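Student: Protein chains in written order, with PDB author numbering: chain C, 1 to 37, 47 to 440; chain D, 1 to 427; chain E, 254 to 267, 291 to 305; chain B, 1 to 207; chain A, 113 to 365.
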Amino acid sequence: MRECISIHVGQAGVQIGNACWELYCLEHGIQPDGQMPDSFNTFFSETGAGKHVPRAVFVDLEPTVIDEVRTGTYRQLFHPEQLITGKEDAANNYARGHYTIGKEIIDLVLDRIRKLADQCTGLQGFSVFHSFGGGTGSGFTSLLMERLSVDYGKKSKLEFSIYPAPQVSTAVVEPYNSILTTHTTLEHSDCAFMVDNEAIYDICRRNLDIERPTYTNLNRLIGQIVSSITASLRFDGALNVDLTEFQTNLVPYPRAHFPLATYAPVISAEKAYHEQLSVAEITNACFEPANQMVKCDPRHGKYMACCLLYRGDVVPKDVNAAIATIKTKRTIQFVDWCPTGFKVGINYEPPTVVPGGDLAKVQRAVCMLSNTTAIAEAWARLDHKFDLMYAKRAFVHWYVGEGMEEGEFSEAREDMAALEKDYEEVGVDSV
Amino acid sequence: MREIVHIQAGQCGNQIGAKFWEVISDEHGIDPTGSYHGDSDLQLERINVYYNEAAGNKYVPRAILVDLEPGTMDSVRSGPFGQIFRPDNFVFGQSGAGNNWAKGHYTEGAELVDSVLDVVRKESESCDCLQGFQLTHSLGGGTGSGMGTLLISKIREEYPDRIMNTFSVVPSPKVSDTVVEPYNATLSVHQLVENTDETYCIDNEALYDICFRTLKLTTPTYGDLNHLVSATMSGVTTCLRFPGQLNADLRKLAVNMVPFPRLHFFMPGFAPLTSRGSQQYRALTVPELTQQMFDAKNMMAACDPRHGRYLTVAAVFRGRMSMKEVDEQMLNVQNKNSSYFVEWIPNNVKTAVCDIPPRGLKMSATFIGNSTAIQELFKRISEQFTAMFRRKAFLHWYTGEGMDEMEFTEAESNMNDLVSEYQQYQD
Amino acid sequence: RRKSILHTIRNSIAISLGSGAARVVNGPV
Amino acid sequence: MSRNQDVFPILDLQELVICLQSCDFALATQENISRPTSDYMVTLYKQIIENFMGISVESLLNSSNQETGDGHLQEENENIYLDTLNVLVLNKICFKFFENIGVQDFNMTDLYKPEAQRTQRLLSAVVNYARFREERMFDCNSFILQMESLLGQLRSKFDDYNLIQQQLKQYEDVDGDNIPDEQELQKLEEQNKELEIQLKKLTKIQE
Amino acid sequence: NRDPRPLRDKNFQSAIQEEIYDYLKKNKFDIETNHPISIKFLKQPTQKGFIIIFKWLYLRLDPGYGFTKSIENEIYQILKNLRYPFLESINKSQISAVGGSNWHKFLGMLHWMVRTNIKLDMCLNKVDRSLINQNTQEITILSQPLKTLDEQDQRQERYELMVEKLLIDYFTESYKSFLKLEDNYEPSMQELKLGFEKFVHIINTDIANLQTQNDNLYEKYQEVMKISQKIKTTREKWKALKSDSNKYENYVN
Ligand SMILES: CC(=O)O[C@H]1C(=O)[C@@]2(C)[C@H]([C@H](OC(=O)c3ccccc3)[C@]3(O)C[C@H](OC(=O)[C@H](O)[C@@H](NC(=O)c4ccccc4)c4ccccc4)C(C)=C1C3(C)C)[C@]1(OC(C)=O)CO[C@@H]1C[C@@H]2O
Ligand SMILES: Nc1nc2c(ncn2[C@@H]2O[C@H](COP(=O)(O)OP(=O)(O)OP(=O)(O)O)[C@@H](O)[C@H]2O)c(=O)[nH]1
Ligand SMILES: Nc1nc2c(ncn2[C@@H]2O[C@H](COP(=O)(O)OP(=O)(O)O)[C@@H](O)[C@H]2O)c(=O)[nH]1
Ligand SMILES: [Mg+2]
């Protein structure tokens with residue numbers, strides 16, 4: 001009997017989870033106070058009075074955003090003990106999140122997560138939401154992932170992160186924290202789906218026809234993607250893939266576990282009414298380079314493996330035809346040692362529409378998750394923005410004075426010096 | 001929560017703090033009697049940052065009003081919002097400093113500095129989780145600069161962990177109201193460099209020019225300048241009191257801007273400021289606010305940012321704005337003026353957004369820029385100081401007051417060293 | 254300098293408002 | 001910063017100044033110690049190091065410098081090399097003396113960045129050592145008197161030897177200009193004998 | 113003035129690494145400062161490692177100097193008071209962050225440190241050797257004969273200086289004994305008595321040598337006077353005989 005646990009580290013994660021729980025509560029028919037006027050067993054556990062409490066843990070080092078959660082429209086959805094707060098935020102400091110401030114709340118968060126995992130009978134994984142670019146989202150997430158891998162070394166752990174953008178980053182010390190969190194997003198993870206703010210901004214500007222995207226739209230779209238991923242455990246369908254077979258399909262090598270996400274059809278209302286959605290065109294749009302969530306062009310890389318989750322009523326023969334069409338296309342280039350690169354699962358419940366949202370009702374949708382070498386082009390970018398600081402030891406004194414050792418910077422960079430080759434040596438043909 | 005202790009010394013500090021308390025009391029819906037009357041639940045959700053509660057549902061500011069002469073203090077006591085403070089917090093001498101750094105620092109200040117150290121310690125123990133201290137003073141005066149430096153040192157050797165945020169009215173070359181300004185300024189900078197984590201440099205001349213050109217005022221008195229400084233102060237810490245998409249506190253701001261321990265002299269600024277006439281034509285938009293951020297005329301320090309590269313920049317917005325707009329605005333500002341920003345720090349600008357706008361406004365914004373060019377603001381002083389110190393002018397006062405001769409040379413040397421520090425990263 | 258220490262001492266002999297040295301244990305040991 | 005407990009008590013400045021003036025020094029005035037400066041303090045180190053054990057600084061500095069100050073190698077930084085050596089060896093000899101008198105916290109900043117408290121503690125140590133040395137000299141002045149008597153006797157013996165040598169060097173002659181000896185007398189006798197033989201032969205011929 | 117040392121050179125930089133590591137290892141740095149050292153560690157410096165190395169490296173210069181907080185300011189003050197000539201090319205913020213590109217100079221700075229230490233030892237023992245000279249060479253000056261008044265005056269001055277040095281040593285020993293809450297001048301008195309006996313023996317030997325020289329000089333003076341009288345008589349006789357022989361030869365020829 002499947003269960004799934006979701007963890008939300010403060011700034012990005014709490015808001016993304018708020019959007020996700022809006023979406024799930026709408027999906028399962030539950031009212032926003034928890035009373036329901047099966048499918049919900051994966052996310053919501055019931056009580057005697059009919060109230061459904063989610064399997065969510067909200068964490069932050071400052072209480073303001075949680076207080077917004079604690080007083081918003083969902084103050085009655087959560088059990089008041091999973092809403093965990095600190096006193097002072099990490100303040101963009103990786104060491105503060107990992108070493109100094111985090112360790113005073115890490116015990117409480119592990120205690121609560123263990124309490125939640127006790128009720129689970131067949132728990133399948135952790136849906137961890139955090140951000141590479143901040144202090145909490147790097148340090149505290151690293152510490153929590155270390156503790157979880159120590160205590161839960163068998164269960165899978167999925168990170169849905171927010172990678173810093175190449176140009177529109179909102180932090181002076183962002184490359185430092187982003188480089189520092191790599192050692193803990195590399196070994197103590199299973200499938201970390203990267204997300205960039207710039208790419209979703211571009212998607213909102215182009216496909217959704219809106220030029221004023223707040224964080225709410227990005228959080229809603231990420232919630233849509235994660236719900237499409239987890240739909241295989243909640244509803245029946247022609248083909249269902251759980252997390253274990255999902256990993257066995259995507260990840261070919263232990264260190265090559267950084268998939269690339271895409272969703273379709275991200276369409277507005279008028280375009281939806283005028284268009285007639287077909288499986289071939291949504292499948293092709295999944296491969297559209299400007300539709301990706303990381304500011305990298307897949308043409309420069311070779312697709313390692315791909316999995317397609319068709320939400321809504323889709324016939325498998327149409328899926329096979331779309332797969333054949335994609336394989337015939339020469340713009341999508343796969344790797345030689347992976348002949349069968351497409352793994353397909355289909356769910357029978359079409360996507361929901363959040364009232365006041367931006368995505369129109371579509372009878373069908375498809376979520377693409379592709380492990381490819383193009384993502385390597387992202388890493389190198391930060392490898393520049395790190396160096397130009399560490400060449401002068403610019404902000405190192407703000408971390409060394411908090412509990413960090415300076416060498417641990419270079420060591421972290423050294424890991425990229427290895428990881429790049431792990432997306433390059435395997436990129437070469439067998440001969 | 002995050003509680004800040006507010007200290008101010010001298011007439012300038014007392015007046016600026018009085019205006020600041022009036023501004024944030026009107027923002028929080030507090031009448032002079034302390035009774036809340038606002039129509040927003042979000043005003044009291046975090047009112048404890050500035051206001052300590054007391055029976056009768058009254059709120060008293062965390063202010064430590066200190067001076068060596070009861071004049072300006074007895075002026076603020078009878079003011080429109082003067083009853084709001086705690087009467088025990090009114091601490092005062094009888095013989096003024098008389099524009100002496102030595103008198104305000106060594107002899108006259110020492111007899112009273114314990115009577116303020118105990119008060120600030122009691123206030124800091126009266127809160128839950130101290131974030132830092134907020135100090136308002138001027139470097140050109142006698143009680144202001146000297147007593148501020150003394151208090152700064154005592155707190156740093158007593159509260160090393162917390163943050164030290166101060167607003168200093170640095171003397172200006174043109175607008176001068178004192179003949180011993182260089183000596184006190186040079187002596188104060190010595191302590192400000194090594195005993196403060198971030199300091200906002202303010203000149204009276206820059207505020208006067210802002211009032212002349214931007215606000216197009218006829219006769220800008222001290223009330224307007226203190227109003228502007230209070231607006232800047234409130235904008236800096238608006239993130240603590242109110243929610244928003246991006247939240248940045250004092251430590252976050254410092255680690256964003258400050259690259260090295262001895263480079264923490266920031267130029268502040270505010271937007272949108274417009275005269276009451278042209279204030280109906282222009283429409284408020286994020287690109288216009290970001291353009292007004294980097295205007296060389298809107299700076300609150302009498303130095304041109306175009307004379308040296310920016311090191312880092314912080315921008316704290318208020319209102320409901322799409323963050324693609326502000327992030328693209330910062331990208332455009334950085335790349336269009338790529339010669340004004342240093343090369344070895346990509347993405348010099350850190351942005352924060354607060355959801356609650358100021359009362360009577362739909363949108364606002366605050367700019368805090370750490371730039372190399374501020375070294376100019378120092379050399380001028382180090383000229384005048386030297387231009388007097390070579391002739392040993394006015395020394396006898398300080399020296400007979402109890403100041404060793406070598407201290408002036410040490411202060412001048414450290415001023416020169418900090419100028420070299422700022423100029424070093426410019427090229 | 255040709256001023257011999259021994260010769261100068263002999264000439265002076267043939291405490292300068294002081295005492296013949298002292299030795300007291302310091303309190304802040 | 002290093003700090004130790006001292007056997008001598010803390011002593012105030014004014015009778016320190018007057019007794020330092022009275023004993024041997026003249027630069028130890030009230031305002032000189034009341035205003036700590038590098039030059040005066042290092043000079044005072046110099047007068048004391050020539051005082052208590054009586055050998056000059058310059059001799060020691062040159063006798064420790066000659067091996068690097070001469071022409072072993074042509075590298076230009078020799079002058080700063082030797083200047084750093086000068087300041088360090090001054091520090092080091094002052095440290096020897098101050099650990100010899102019970103001060104184990106003294107350093108180089110004491111030489112070049114002095115302050116009132118540590119300088120006056122060092123001066124209290126100086127005065128206690130000076131008083132103890134004066135007491136020792138008063139107790140052992142018999143040895144000094146014996147040494148003076150021995151020096152006077154040696155001077156008298158040297159004067160007698162010089163007078164004897166001068167008296168010896170008072171003899172000279174045409175034969176024996178290097179003071180008379182047996183060789184000159186023998187040569188003169190041989191010449192006289194030859195001349196007398198020639199004269200006798202001539203007289204016999206002319207007889 | 114500019115920096116003439118080629119710190120930016122590569123083979124030179126490696127050579128500097130080499131002798132710096134050799135010197136640092138030969139003094140048991142790894143044990144006394146409980147910090148392991150490697151070529152790679154010096155290749156990539158750190159704040160704590162550089163600070164510890166500088167602290168140990170300066171404490172070899174002034175052991176009595178103690179460190180405290182505000183390490184950067186202390187390092188700058190130390191560099192200033194060491195009479196360092198190239199300081200106008202260094203800055204406090206660079207000292208605060210050693211590991212940057214500016215490290216290409218900073219390690220070489222340490223080199224000069226080490227060099228001073230080497231130079232220091234050529235000075236150090238010689239100071240004691242100087243005292244060693246006062247222990248031996250002056251004694252030899254007291255054991256040599258005197259032939260001039262200046263030599264006798266120099267010998268007397270050397271004897272007086274030796275007596276003063278012995279008195280100073282005895283006073284220092286007595287002060288050291290009295291420092292430890294005690295009054296035990298017996299070893300100092302014995303040392304002073306031994307020194308006085310040695311000085312008296314040297315003075316007696318010198319006086320005996322001078323007396324023997326004076327007696328020999330007086331005997332030689334009497335002999336020289338007698339020989340001078342005899343030589344004058346012989347020279348007069350020889351001159352008279354030569355004149356007579358010349359006159360006789362002139363008359364006969
Ligand atoms: C209808 C309306 O918009 O009212 C405004 C106003 O008309 C305008 C034109 C105001 C007006 O400002 C000025 O003309 C001005 C005068 C002297 C010095 C500086 C400015 C206003 O005075 C400014 C004042 O603004 C505020 O109250 C701010 O929230 C400000 N509050 C105070 O300064 C204050 C002081 C004492 C008592 C109560 C409030 C504030 C801003 C940030 C953080 C805290 C407080 C108000 C209501 C207005 C007028 C009166 C015309 C403007 O200023 C501000 C500070 O917002 C000028 O350009 C802006 C845009 C505003 O729209
Ligand atoms: N996609 C998305 N990203 C967000 C959201 N909120 C914050 N972020 C990311 O958070 C990054 C900034 O990090 P911070 O503001 O320091 O927040 P943090 O990562 O939790 O670090 P702390 O402030 O110390 O807690 C930005 O680059 C954003 O990409 C959000 O709602 N949606
Ligand atoms: N910005 C600002 N500056 C002021 C104000 N009042 C005085 N000053 C300036 O502060 C400087 C110091 O004056 P003063 O406050 O009397 O010095 P103090 O005796 O140490 O407090 C003077 O040169 C004034 O020009 C004020 O209300 N606002
Ligand atoms: Mg945060």
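In this text, a Cβ means the ideal position worked out from N, Cα and C, and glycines have one as well.
Out of D:412, D:395, D:372, D:293, which has the shortest C-alpha to C-alpha gap to residue 386 (chain D)?
Tutor: D:412
Student: For residue 6 (chain C), which residues does DSSP report across the bridge?
Tutor: DSSP lists C:65, C:136 as the bridge partner or partners of residue 6 (chain C).
Student: Using the Cα positions of residue 115 (chain C) and residue 192 (chain C), report the straight-line distance between them to the nearest angstrom.
Tutor: 19 Å
Student: Excluding five sequence neighbours on each side, which residues of the same chain lie with their C-beta closer than 6 Å to the C-beta of residue 331 (chain D)?
Tutor: none
Student: Output yes or no for whether 7 Å exceeds the beta carbon distance between residue 312 (chain C) and residue 376 (chain C).
Tutor: no
Student: Please determine if the segment 285-304 of chain D and the segment 202-212 of chain D are in contact, where contact requires at least 3 C-beta pairs separated by less than 8 Å.
Tutor: yes
Student: Quick one: is the Cβ of residue 500 (chain D) within less than 6 Å of any heavy atom of ligand 4?
Tutor: Absent from the structure is residue 500 (chain D), since the part of chain D shown begins at 1 and ends at 427.
Student: Does the beta carbon of residue 232 (chain C) fall short of 6 Å from some heavy atom of ligand 4?
Tutor: no
Student: Output yes or no for whether 7 Å exceeds the beta carbon distance between residue 146 (chain D) and residue 99 (chain D).
Tutor: The Cβ atoms of residue 146 (chain D) and residue 99 (chain D) lie no closer than 7 Å to each other.
Student: So with CB distances below 9 Å, who are the chain C contacts of residue 249 (chain D)?
Tutor: 71, 97, 98, 100
Student: Could you name the residues of chain C that residue 158 (chain A) contacts, counting a contact when the two beta carbons are closer than 7 Å?
Tutor: 415, 416
Student: Counting beta carbon pairs with one atom in the segment 148-164 of chain B and one in the segment 328-343 of chain A, are three or more of them shorter than 8 Å?
Tutor: Touching, yes, given that three or more Cβ pairs across the two stretches are closer than 8 Å.
Student: In this structure, how does DSSP classify residue 20 (chain C) when only helix, strand and coil are distinguished?
Tutor: helix
Student: Is the Cβ-Cβ distance between residue 243 (chain D) and residue 380 (chain D) less than 7 Å?
Tutor: Taking 7 Å as the Cβ cut-off, residue 243 (chain D) and residue 380 (chain D) do not qualify as a contacting pair.
Student: If you draw a straight line from the C-alpha of residue 87 (chain C) to the C-alpha of residue 160 (chain D), how long is it?
Tutor: 39 Å
Student: What residues of chain A sit near residue 153 (chain B), judged by a beta carbon separation below 9 Å?
Tutor: 315, 319
Student: Given residue 119 (chain C), which residues of its chain have a CB within under 6 Å of its CB, disregarding the five upstream and five downstream residues?
Tutor: 156.
Student: Nearest-angstrom Cα distance between residue 236 (chain D) and residue 317 (chain D)?
Tutor: Rounded to whole angstroms, residue 236 (chain D) to residue 317 (chain D) spans 10 Å at the Cα level.
Student: Should residue 413 (chain C) go down as buried or exposed, given a rule of 16 or more other Cβ atoms within 10 Å for buried?
Tutor: buried
Student: Could you check whether the Cβ of residue 286 (chain A) sits closer than 7 Å to any Cβ belonging to chain D?
Tutor: With 7 Å as the cut-off, residue 286 (chain A) does not count as an interface residue toward chain D.
Student: In whole angstroms, what is the alpha-carbon distance linking residue 152 (chain C) and residue 404 (chain D)?
Tutor: 53 Å
Student: Count Cβ pairs between the segment 142-157 of chain B and the segment 301-320 of chain A that sit closer than 8 Å; are there 3 or more?
Tutor: Enough Cβ pairs lie closer than 8 Å, so yes.
Student: Starting from residue 48 (chain B), find everything on chain A with Cβ-Cβ shorter than 7 Å and list it in chain order.
Tutor: Under the 7 Å cutoff, chain A gives no residues; its nearest Cβ is about 12 Å from residue 48 (chain B).
Student: Assuming residue 255 (chain C) is part of the alpha helix (DSSP H), what are its boundary residues?
Tutor: Note, residue 255 (chain C): alpha helix (DSSP H), 252-259.
Student: From the DSSP output, in three-state form, read off residue 366 (chain D) for me.
Tutor: strand
Student: Please say whether residue 144 (chain D) and residue 138 (chain D) have beta carbons closer to each other than 7 Å?
Tutor: yes
Student: Starting from residue 354 (chain D) and walking both ways along the beta strand (DSSP E), at which residues does that stretch end?
Tutor: For residue 354 (chain D), the enclosing beta strand (DSSP E) begins and ends at 349-354.
Student: Can you list the residues near ligand 4, meaning Cβ strictly closer than 5 Å to any non-hydrogen atom, in the order they appear in the chain?
Tutor: C:11, C:98
Student: Confirm, please, whether the CB-CB distance from residue 274 (chain C) to residue 371 (chain C) is below 7 Å.
Tutor: Cβ distance < 7 Å, so residue 371 (chain C) and residue 274 (chain C) count as in contact.
Student: Given this structure, state the Cα-to-Cα distance separating residue 217 (chain D) from residue 60 (chain D), to the nearest angstrom.
Tutor: Roughly 34 Å between the two C-alpha positions.
Student: Run the proximity test for residue 82 (chain D): is its beta-carbon closer than 6 Å to any non-hydrogen atom belonging to ligand 3?
Tutor: no
Student: Please go through the same chain and pick out, in chain order, the residues whose beta-carbon is closer than 6 Å to the beta-carbon of residue 128 (chain B), but skip the five residues on each side of it.
Tutor: 8
Student: Residue 279 (chain A) versus chain E: which residues are under 8 Å apart at the beta carbon?
Tutor: 258, 259
Student: Could you give the uninterrupted runs of the alpha helix (DSSP H) lying entirely in the segment 76-152 of chain B, keeping only those of 4 residues or more?
Tutor: 78-100, 108-112, 116-139
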